[PDB]
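Engineer: Sharing a structure below in structure tokens format, with a few things to ask.
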Amino acid sequence: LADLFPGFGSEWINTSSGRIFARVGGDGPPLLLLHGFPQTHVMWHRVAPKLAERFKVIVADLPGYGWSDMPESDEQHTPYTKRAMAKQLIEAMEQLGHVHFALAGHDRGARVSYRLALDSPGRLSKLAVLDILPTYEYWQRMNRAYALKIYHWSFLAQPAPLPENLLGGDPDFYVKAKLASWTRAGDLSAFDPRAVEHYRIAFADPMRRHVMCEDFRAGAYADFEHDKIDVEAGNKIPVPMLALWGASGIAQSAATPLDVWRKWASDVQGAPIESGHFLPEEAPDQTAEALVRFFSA
Amino acid sequence: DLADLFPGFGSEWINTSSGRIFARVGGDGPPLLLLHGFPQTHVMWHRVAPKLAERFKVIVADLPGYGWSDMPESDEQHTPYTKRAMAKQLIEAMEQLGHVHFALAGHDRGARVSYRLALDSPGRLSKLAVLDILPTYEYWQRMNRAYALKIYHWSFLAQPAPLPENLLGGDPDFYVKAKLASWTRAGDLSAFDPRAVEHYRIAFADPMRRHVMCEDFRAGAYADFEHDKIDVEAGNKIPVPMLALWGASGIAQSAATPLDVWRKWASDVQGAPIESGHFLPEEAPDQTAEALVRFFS
Ligand SMILES: [Cl-]
Ligand SMILES: [Cl-]
């Protein structure tokens, strides 16, 4: 596997829930970057060098993803809920001496990030979420068109071992088809092939695939319920926030994302980028610029 | 060696312009066509067909593309596996036997063929029974988070080829067995005759048969839904005398019953719940047969 972060160090950070692997580089204010599904920390490799010119950049594998440890799950999928992942990453950052930091997340990692902001706003100076709406909003929008467009939320949330058994026959095909299908052009051309190999190797481990399913089970059940409590109470994130989405990504399906996020956050700005879902790989210079300017201001 | 489960029944291959329909044919008296659904074949009627054959000529047919019926070549609109087309093909098959006016009972996908037949060509039917379904339009209108999770396979199997076909080829035995067990009351395979399960497993083992099933669900998400929507928008109701049976632990419990739903779709309909999961003729054969004999006689 290739080293896609030249000159970055590595940390394997202990927490009460297991180790978090991260690449660490740069200097300045601390900035945590969180990937999502079906990727690992390496999805930040095209923007992390530029961010490291201005920040101390921590590029972490989510709990149970990449090289982080895989806690045993339970009937409520607890360790893979975004509430639990957020708590674990807060512990990891404390091990580095970071108790107040900037945070950018994409896909599942963006869900960790906004849940972190709802549960522990004091931990964050600023927050960016990439190509997501809150989990509650995806489910509330559920109808025939959405069910057909974004089927994997309900498929991967089916009780074990059904998605695990389907994914086991030809995992390479599924993960490559997902990566391609969510890009603007619909192929793998936006990705460095060395980064694709990182994603493929992680997806080839049945234990890693089980974690991904637990993540989507949490997304169907406890994560949705946590979100429902906040929206029905009118709780809004007070942390200054940036929502970036792809004009051809998942979040924009049939919703104006900034209007959605303004219901969830009291100080949010946002913009689309011409891109499918994988903003930091499909549109690295614009994503890095948007992030550097937001976190620097 | 697949078991013969229809004592006293012949075996017929009926020609049509779209390919052969296989049927078991037994009894004498007025004609009654029985239509299975997913993931089964005609053999799912083996516990109720003898009781019906006491009073009717009973034709137990494999749906177009299912079981031993031929598989017509599909197209980009999934036309031969739309319920409108399947109904036309089965009307042709019944004409080959000289039946232009007959009674009809269907279950699952076969009940969708059946009510579409009644909407398109009511003159063909003396009486109509549907087992543990609502109209396809109604299920899609109900497709919120809860239904997306319970009825996930309507969206999963409708994904563009080859996504479900590729996933299903890894371990088809596991998937067909799960789709049999999961909606029974028991949640296991104990309601089924093991010899019937082997019929279902052997059919599902064939990639070409699984592809047909996916085309059926693709039609169900697209053309079948549009055909139903036209009838709803036109206020069209089935005039054929109708029976709606459903499982007490089948269709999810609502403040409205399945009979309430079918009364909006049909002007002369009676209904009753059966103590059963989804698979009424196998989980509750005595109660199902009694209700059908009483209705059709
Ligand atoms: Cl996501
Ligand atoms: Cl989203």
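Residue numbering restarts at 1 in every chain; chains get A, B, ... in the order shown in the structure tokens, and ligands count up from 1 in that same order.
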Listing only residues of chain A within 12 Å of ligand 1, what is the closest atom pair and its distance in Å (to one decimal) for each, using only C-alpha atoms and all ligand atoms, sorted by chain and residue number ascending, as JSON lines?
Structural biologist:
```
{"residue": "A:35", "atom": "CA", "partner": "ligand 1", "partner_atom_place_in_ligand_line": "1 (Cl)", "distance": 10.1}
{"residue": "A:36", "atom": "CA", "partner": "ligand 1", "partner_atom_place_in_ligand_line": "1 (Cl)", "distance": 7.0}
{"residue": "A:37", "atom": "CA", "partner": "ligand 1", "partner_atom_place_in_ligand_line": "1 (Cl)", "distance": 7.0}
{"residue": "A:38", "atom": "CA", "partner": "ligand 1", "partner_atom_place_in_ligand_line": "1 (Cl)", "distance": 9.7}
{"residue": "A:39", "atom": "CA", "partner": "ligand 1", "partner_atom_place_in_ligand_line": "1 (Cl)", "distance": 11.3}
{"residue": "A:82", "atom": "CA", "partner": "ligand 1", "partner_atom_place_in_ligand_line": "1 (Cl)", "distance": 11.3}
{"residue": "A:105", "atom": "CA", "partner": "ligand 1", "partner_atom_place_in_ligand_line": "1 (Cl)", "distance": 10.4}
{"residue": "A:106", "atom": "CA", "partner": "ligand 1", "partner_atom_place_in_ligand_line": "1 (Cl)", "distance": 7.8}
{"residue": "A:107", "atom": "CA", "partner": "ligand 1", "partner_atom_place_in_ligand_line": "1 (Cl)", "distance": 4.0}
{"residue": "A:108", "atom": "CA", "partner": "ligand 1", "partner_atom_place_in_ligand_line": "1 (Cl)", "distance": 4.7}
{"residue": "A:109", "atom": "CA", "partner": "ligand 1", "partner_atom_place_in_ligand_line": "1 (Cl)", "distance": 8.0}
{"residue": "A:110", "atom": "CA", "partner": "ligand 1", "partner_atom_place_in_ligand_line": "1 (Cl)", "distance": 7.7}
{"residue": "A:111", "atom": "CA", "partner": "ligand 1", "partner_atom_place_in_ligand_line": "1 (Cl)", "distance": 7.1}
{"residue": "A:112", "atom": "CA", "partner": "ligand 1", "partner_atom_place_in_ligand_line": "1 (Cl)", "distance": 10.1}
{"residue": "A:113", "atom": "CA", "partner": "ligand 1", "partner_atom_place_in_ligand_line": "1 (Cl)", "distance": 11.8}
{"residue": "A:129", "atom": "CA", "partner": "ligand 1", "partner_atom_place_in_ligand_line": "1 (Cl)", "distance": 10.7}
{"residue": "A:130", "atom": "CA", "partner": "ligand 1", "partner_atom_place_in_ligand_line": "1 (Cl)", "distance": 9.6}
{"residue": "A:131", "atom": "CA", "partner": "ligand 1", "partner_atom_place_in_ligand_line": "1 (Cl)", "distance": 8.0}
{"residue": "A:132", "atom": "CA", "partner": "ligand 1", "partner_atom_place_in_ligand_line": "1 (Cl)", "distance": 6.2}
{"residue": "A:133", "atom": "CA", "partner": "ligand 1", "partner_atom_place_in_ligand_line": "1 (Cl)", "distance": 8.3}
{"residue": "A:134", "atom": "CA", "partner": "ligand 1", "partner_atom_place_in_ligand_line": "1 (Cl)", "distance": 8.9}
{"residue": "A:135", "atom": "CA", "partner": "ligand 1", "partner_atom_place_in_ligand_line": "1 (Cl)", "distance": 7.9}
{"residue": "A:136", "atom": "CA", "partner": "ligand 1", "partner_atom_place_in_ligand_line": "1 (Cl)", "distance": 11.6}
{"residue": "A:137", "atom": "CA", "partner": "ligand 1", "partner_atom_place_in_ligand_line": "1 (Cl)", "distance": 11.6}
{"residue": "A:138", "atom": "CA", "partner": "ligand 1", "partner_atom_place_in_ligand_line": "1 (Cl)", "distance": 9.3}
{"residue": "A:139", "atom": "CA", "partner": "ligand 1", "partner_atom_place_in_ligand_line": "1 (Cl)", "distance": 11.7}
{"residue": "A:150", "atom": "CA", "partner": "ligand 1", "partner_atom_place_in_ligand_line": "1 (Cl)", "distance": 10.0}
{"residue": "A:151", "atom": "CA", "partner": "ligand 1", "partner_atom_place_in_ligand_line": "1 (Cl)", "distance": 11.9}
{"residue": "A:152", "atom": "CA", "partner": "ligand 1", "partner_atom_place_in_ligand_line": "1 (Cl)", "distance": 9.9}
{"residue": "A:153", "atom": "CA", "partner": "ligand 1", "partner_atom_place_in_ligand_line": "1 (Cl)", "distance": 8.4}
{"residue": "A:156", "atom": "CA", "partner": "ligand 1", "partner_atom_place_in_ligand_line": "1 (Cl)", "distance": 12.0}
{"residue": "A:182", "atom": "CA", "partner": "ligand 1", "partner_atom_place_in_ligand_line": "1 (Cl)", "distance": 11.5}
{"residue": "A:212", "atom": "CA", "partner": "ligand 1", "partner_atom_place_in_ligand_line": "1 (Cl)", "distance": 11.2}
{"residue": "A:215", "atom": "CA", "partner": "ligand 1", "partner_atom_place_in_ligand_line": "1 (Cl)", "distance": 9.8}
{"residue": "A:216", "atom": "CA", "partner": "ligand 1", "partner_atom_place_in_ligand_line": "1 (Cl)", "distance": 8.7}
{"residue": "A:218", "atom": "CA", "partner": "ligand 1", "partner_atom_place_in_ligand_line": "1 (Cl)", "distance": 11.8}
{"residue": "A:219", "atom": "CA", "partner": "ligand 1", "partner_atom_place_in_ligand_line": "1 (Cl)", "distance": 8.7}
{"residue": "A:220", "atom": "CA", "partner": "ligand 1", "partner_atom_place_in_ligand_line": "1 (Cl)", "distance": 11.4}
{"residue": "A:223", "atom": "CA", "partner": "ligand 1", "partner_atom_place_in_ligand_line": "1 (Cl)", "distance": 11.8}
{"residue": "A:245", "atom": "CA", "partner": "ligand 1", "partner_atom_place_in_ligand_line": "1 (Cl)", "distance": 12.0}
{"residue": "A:249", "atom": "CA", "partner": "ligand 1", "partner_atom_place_in_ligand_line": "1 (Cl)", "distance": 10.6}
{"residue": "A:250", "atom": "CA", "partner": "ligand 1", "partner_atom_place_in_ligand_line": "1 (Cl)", "distance": 8.0}
{"residue": "A:251", "atom": "CA", "partner": "ligand 1", "partner_atom_place_in_ligand_line": "1 (Cl)", "distance": 8.6}
{"residue": "A:277", "atom": "CA", "partner": "ligand 1", "partner_atom_place_in_ligand_line": "1 (Cl)", "distance": 9.6}
{"residue": "A:278", "atom": "CA", "partner": "ligand 1", "partner_atom_place_in_ligand_line": "1 (Cl)", "distance": 11.1}
```
Engineer: Produce a file of the selected residues containing N, CA and C atoms, as a short mmCIF file (atom, residue, chain, number, x, y, z; two decimals), in the first residue's frame.
Structural biologist:
```cif
data_model
loop_
_atom_site.label_atom_id
_atom_site.label_comp_id
_atom_site.auth_asym_id
_atom_site.auth_seq_id
_atom_site.Cartn_x
_atom_site.Cartn_y
_atom_site.Cartn_z
N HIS A 35 -13.00 10.80 7.14
CA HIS A 35 -13.53 10.17 5.94
C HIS A 35 -14.87 9.49 6.21
N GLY A 36 -15.41 8.87 5.16
CA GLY A 36 -16.60 8.04 5.30
C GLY A 36 -16.52 6.76 4.49
N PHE A 37 -17.66 6.30 4.00
CA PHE A 37 -17.88 4.99 3.38
C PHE A 37 -17.87 5.08 1.85
N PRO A 38 -17.23 4.15 1.11
CA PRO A 38 -16.41 3.03 1.58
C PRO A 38 -14.95 3.38 1.48
N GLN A 39 -14.52 4.38 2.24
CA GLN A 39 -13.17 4.88 2.12
C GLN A 39 -12.43 4.74 3.44
N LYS A 82 -22.86 7.42 15.59
CA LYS A 82 -22.04 8.62 15.48
C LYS A 82 -21.81 9.26 16.84
N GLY A 105 -15.51 16.76 8.00
CA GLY A 105 -15.87 15.37 7.78
C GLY A 105 -16.57 15.24 6.44
N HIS A 106 -16.48 14.04 5.89
CA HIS A 106 -17.13 13.68 4.63
C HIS A 106 -17.92 12.40 4.83
N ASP A 107 -19.15 12.38 4.32
CA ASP A 107 -19.97 11.15 4.32
C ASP A 107 -20.11 10.71 5.78
N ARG A 108 -19.88 9.43 6.14
CA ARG A 108 -20.06 9.00 7.54
C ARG A 108 -19.29 9.89 8.50
N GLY A 109 -18.09 10.31 8.11
CA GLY A 109 -17.30 11.14 9.00
C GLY A 109 -17.90 12.51 9.24
N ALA A 110 -18.63 13.04 8.24
CA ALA A 110 -19.39 14.27 8.46
C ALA A 110 -20.54 14.06 9.43
N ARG A 111 -21.11 12.85 9.46
CA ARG A 111 -22.17 12.57 10.43
C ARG A 111 -21.60 12.51 11.84
N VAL A 112 -20.44 11.86 12.01
CA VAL A 112 -19.72 11.94 13.28
C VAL A 112 -19.55 13.40 13.67
N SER A 113 -19.19 14.23 12.69
CA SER A 113 -18.79 15.60 12.98
C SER A 113 -19.98 16.43 13.45
N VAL A 129 -18.93 20.16 6.97
CA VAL A 129 -19.55 18.90 6.56
C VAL A 129 -19.63 18.85 5.05
N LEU A 130 -19.17 17.73 4.47
CA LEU A 130 -19.02 17.58 3.02
C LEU A 130 -19.99 16.55 2.47
N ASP A 131 -20.85 17.03 1.57
CA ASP A 131 -21.84 16.26 0.80
C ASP A 131 -22.73 15.38 1.68
N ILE A 132 -23.27 15.99 2.75
CA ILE A 132 -24.28 15.33 3.57
C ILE A 132 -25.38 16.30 3.96
N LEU A 133 -26.55 15.73 4.23
CA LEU A 133 -27.57 16.30 5.11
C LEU A 133 -27.63 15.45 6.37
N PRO A 134 -28.24 15.95 7.46
CA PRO A 134 -28.36 15.11 8.66
C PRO A 134 -29.08 13.81 8.35
N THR A 135 -28.72 12.76 9.10
CA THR A 135 -29.37 11.46 8.93
C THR A 135 -30.89 11.55 9.06
N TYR A 136 -31.38 12.35 10.01
CA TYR A 136 -32.82 12.52 10.14
C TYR A 136 -33.43 13.02 8.84
N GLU A 137 -32.74 13.95 8.16
CA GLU A 137 -33.32 14.53 6.96
C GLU A 137 -33.37 13.53 5.81
N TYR A 138 -32.36 12.66 5.69
CA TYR A 138 -32.42 11.65 4.64
C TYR A 138 -33.64 10.76 4.84
N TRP A 139 -33.87 10.31 6.07
CA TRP A 139 -34.97 9.40 6.32
C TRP A 139 -36.31 10.11 6.20
N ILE A 150 -31.10 6.01 -3.44
CA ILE A 150 -30.10 5.82 -2.39
C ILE A 150 -30.43 4.56 -1.60
N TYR A 151 -30.45 3.42 -2.30
CA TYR A 151 -30.95 2.16 -1.76
C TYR A 151 -30.05 1.63 -0.64
N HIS A 152 -28.77 2.00 -0.65
CA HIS A 152 -27.83 1.28 0.20
C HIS A 152 -28.06 1.56 1.67
N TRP A 153 -28.73 2.67 2.00
CA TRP A 153 -29.02 2.95 3.42
C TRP A 153 -29.90 1.86 4.01
N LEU A 156 -27.88 -1.99 3.51
CA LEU A 156 -26.81 -2.30 4.44
C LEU A 156 -27.28 -2.32 5.89
N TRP A 182 -20.87 7.01 -7.58
CA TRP A 182 -21.14 8.28 -6.91
C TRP A 182 -20.29 9.45 -7.41
N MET A 212 -18.85 -1.69 8.50
CA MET A 212 -19.60 -0.78 7.63
C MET A 212 -21.10 -1.03 7.75
N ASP A 215 -22.35 0.40 10.94
CA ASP A 215 -22.46 1.85 10.75
C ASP A 215 -23.80 2.21 10.11
N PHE A 216 -24.19 1.48 9.06
CA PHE A 216 -25.47 1.78 8.42
C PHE A 216 -26.66 1.33 9.26
N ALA A 218 -26.65 1.50 12.62
CA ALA A 218 -26.76 2.66 13.49
C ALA A 218 -27.44 3.81 12.78
N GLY A 219 -27.09 4.04 11.50
CA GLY A 219 -27.69 5.13 10.75
C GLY A 219 -29.19 4.98 10.55
N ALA A 220 -29.70 3.74 10.54
CA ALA A 220 -31.14 3.47 10.39
C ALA A 220 -31.89 3.61 11.72
N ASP A 223 -28.80 6.40 15.37
CA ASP A 223 -28.41 7.73 14.86
C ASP A 223 -29.62 8.55 14.48
N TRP A 245 -21.18 20.79 -0.76
CA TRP A 245 -21.75 19.60 -1.38
C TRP A 245 -21.46 19.57 -2.87
N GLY A 249 -23.84 15.14 -6.17
CA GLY A 249 -23.63 14.22 -5.07
C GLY A 249 -24.91 13.68 -4.44
N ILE A 250 -24.74 13.10 -3.25
CA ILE A 250 -25.87 12.47 -2.59
C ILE A 250 -26.77 13.52 -1.92
N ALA A 251 -26.18 14.53 -1.27
CA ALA A 251 -26.95 15.44 -0.42
C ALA A 251 -27.94 16.28 -1.20
N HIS A 277 -20.03 12.92 -5.33
CA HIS A 277 -19.98 12.82 -3.86
C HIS A 277 -18.59 13.10 -3.29
N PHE A 278 -17.53 12.66 -3.98
CA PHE A 278 -16.18 12.57 -3.40
C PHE A 278 -15.41 13.87 -3.64
#
```
Engineer: Report the closest atom pair, with its distance in Å rounded to one decimal, for each residue of chain B that has an atom no farther than 6 Å from chain A; count only C-alpha atoms, sort by chain and then rising residue number, and write it as CSV.
Structural biologist:
```
residue,atom,partner,partner_atom,distance
B:140,CA,A:144,CA,5.5
B:143,CA,A:143,CA,5.0
B:144,CA,A:142,CA,5.0
B:145,CA,A:139,CA,5.5
B:149,CA,A:154,CA,5.2
B:152,CA,A:154,CA,5.9
B:155,CA,A:148,CA,5.2
B:167,CA,A:166,CA,5.3
B:170,CA,A:169,CA,4.1
```
Engineer: Provide the atom CA of residue 252 of chain B to atom CA of residue 148 of chain B distance in Å, to one decimal place.
Structural biologist: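 Computing the Euclidean distance for atom CA of residue 252 of chain B and atom CA of residue 148 of chain B yields 12.5 Å.
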Engineer: Would you compute the distance between atom CA of residue 121 of chain B and atom CA of residue 297 of chain B? Give it in Å to one decimal.
Structural biologist: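 One can read the atom CA of residue 121 of chain B to atom CA of residue 297 of chain B distance as 21.9 Å.
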Engineer: What are the DSSP alpha helix (DSSP H) residues of segment 49-127 of chain A, as a PyMOL selection string?
Structural biologist: chain A and resi 49-51+82-95+108-119
Engineer: Taking into account only C-alpha atoms, which residue in the set B:95, B:234, B:283, B:12 is nearest to residue 188 of chain B?
Structural biologist: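 Nearest candidate to residue 188 of chain B out of B:95, B:234, B:283, B:12: B:283.
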Engineer: Please provide the set of residues having any atom within 7 Å of residue 104 of chain A, restricted to only C-alpha atoms, with same-chain residues fewer than 6 positions apart removed, written as a PyMOL selection string.
Structural biologist: chain A and resi 32-34+110+127-129
Engineer: When distances are computed from only C-alpha atoms, which of B:18, B:40, B:96, B:141 shows the smallest separation from residue 81 of chain B?
Structural biologist: B:18
Engineer: Near residue 45 of chain A, within 7 Å and counting only C-alpha atoms, which residues show up once chain neighbours fewer than 2 positions away are dropped, as a compact mmCIF listing (two decimals) with N, CA, C and O atoms, in the first residue's frame?
Structural biologist:
```txt
# COMPACT_ATOMS: atom_id res chain seq x y z
N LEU A 4 0.55 8.04 0.82
CA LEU A 4 -0.03 9.13 0.06
C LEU A 4 0.05 10.46 0.80
O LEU A 4 -0.55 11.44 0.35
N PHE A 5 0.79 10.53 1.90
CA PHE A 5 0.92 11.76 2.67
C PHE A 5 2.40 12.05 2.92
O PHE A 5 2.87 11.94 4.06
N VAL A 42 -7.21 7.91 3.65
CA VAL A 42 -6.43 8.32 2.47
C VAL A 42 -7.26 9.17 1.51
O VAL A 42 -6.66 9.86 0.68
N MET A 43 -8.60 9.21 1.63
CA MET A 43 -9.37 10.06 0.71
C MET A 43 -9.02 11.54 0.84
O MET A 43 -9.42 12.33 -0.03
N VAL A 47 -5.94 16.96 -0.61
CA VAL A 47 -6.11 18.26 0.03
C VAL A 47 -5.27 18.41 1.28
O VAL A 47 -5.05 19.56 1.71
N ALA A 48 -4.84 17.32 1.89
CA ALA A 48 -4.11 17.40 3.16
C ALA A 48 -2.80 18.16 3.04
O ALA A 48 -2.49 18.94 3.96
```
Engineer: Measure the distance from atom CA of residue 161 of chain B to atom CA of residue 21 of chain B in Å and round it to one decimal.
Structural biologist: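 Separation of atom CA of residue 161 of chain B and atom CA of residue 21 of chain B: 25.3 Å.
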